[PDB]
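Undergrad:
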Amino acid sequence: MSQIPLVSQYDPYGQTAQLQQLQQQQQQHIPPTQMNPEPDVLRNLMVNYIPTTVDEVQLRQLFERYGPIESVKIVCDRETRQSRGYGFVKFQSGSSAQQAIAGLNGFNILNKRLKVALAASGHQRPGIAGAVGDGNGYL
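As structure tokens, then:
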């Protein structure tokens, strides 16, 4: 009830400002605690950069450094069953993923780019910037 004019109910319809609970919907919905998509599957890091040059080794030391991998594997191509596409590195604990995505995802190194994406499904709250309104670049 923004304001009661004491004449009508609500002729004009406005949907932009809402002060009460905020936050559209809940985080990852409200499933029965554990139905399938468990949050413990955060340590699953999908690594990608090179195609036929994607080596679990380079990604092993490179990624395991910031987060020791428990189960590392590369996502090969089912077309020729050859090593390609991209790799995967499952960190020991989901707590390690935070460090991976924090300082390993898109890690634009001088000669390479460490693209790392979680395998889990969810946490689609943010949207990577998503356009911006000015900021700098005058002089």
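With the deposited numbering, you'll find the sequence shown wraps up at 139, consecutive numbering, no jumps. No residue lacks a Cβ here, since even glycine has one placed at the ideal position from N, Cα and C.
How should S71 be labelled, buried or exposed, when 16 other C-beta atoms within 10 angstroms of its C-beta is the threshold for buried?
TA: Flag for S71 reads exposed.
Undergrad: Whose CA, out of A100, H29, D55, lies closest to the CA of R65?
TA: Ranking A100, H29, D55 by Cα distance to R65 puts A100 first.
Undergrad: Taking Cβ to Cβ, would you say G94 is nearer than 8 Å to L42?
TA: Contact flag set, yes.
Undergrad: In whole angstroms, what separates the C-alpha of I30 from that of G137?
TA: For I30 and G137, the distance between alpha carbons rounds to 44 Å.
Undergrad: With DSSP as the reference, label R65 as helix, strand or coil.
TA: Helix, per DSSP.
Undergrad: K115 and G127: beta carbons closer than 8 Å?
TA: No. Outside cutoff.
Undergrad: Kindly identify the DSSP beta-bridge partner or partners of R113.
TA: Answer by DSSP bridge pairing, in chain order: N108.
Undergrad: Near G85, what residues of its chain come up, given a Cβ to Cβ distance below 6 Å and the 5 sequence neighbours on each side ignored?
TA: Here the set comprises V75, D77.
Undergrad: Starting from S71, follow its DSSP beta bridges and name the residues at the other end.
TA: Its beta-bridge partners are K90.
Undergrad: Using CA atoms only, rank isn't needed, just tell me which of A97, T80, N48 is closest to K73.
TA: It is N48 whose Cα lies nearest to the Cα of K73.
Undergrad: Name the DSSP bridge partner or partners of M46?
TA: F88, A117, per the DSSP bridge assignment.
Undergrad: In this structure, what does DSSP give as the bridge partners for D77?
TA: DSSP, once it has assigned bridges, lists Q82 as partnering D77.
Undergrad: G122 and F91 - do their beta-carbons sit closer together than 8 Å?
TA: Cβ atoms of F91 and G122: not closer than 8 Å.
Undergrad: By how many angstroms is the C-alpha of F63 removed from the C-alpha of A102?
TA: Distance between the alpha carbons of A102 and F63: 12 Å.
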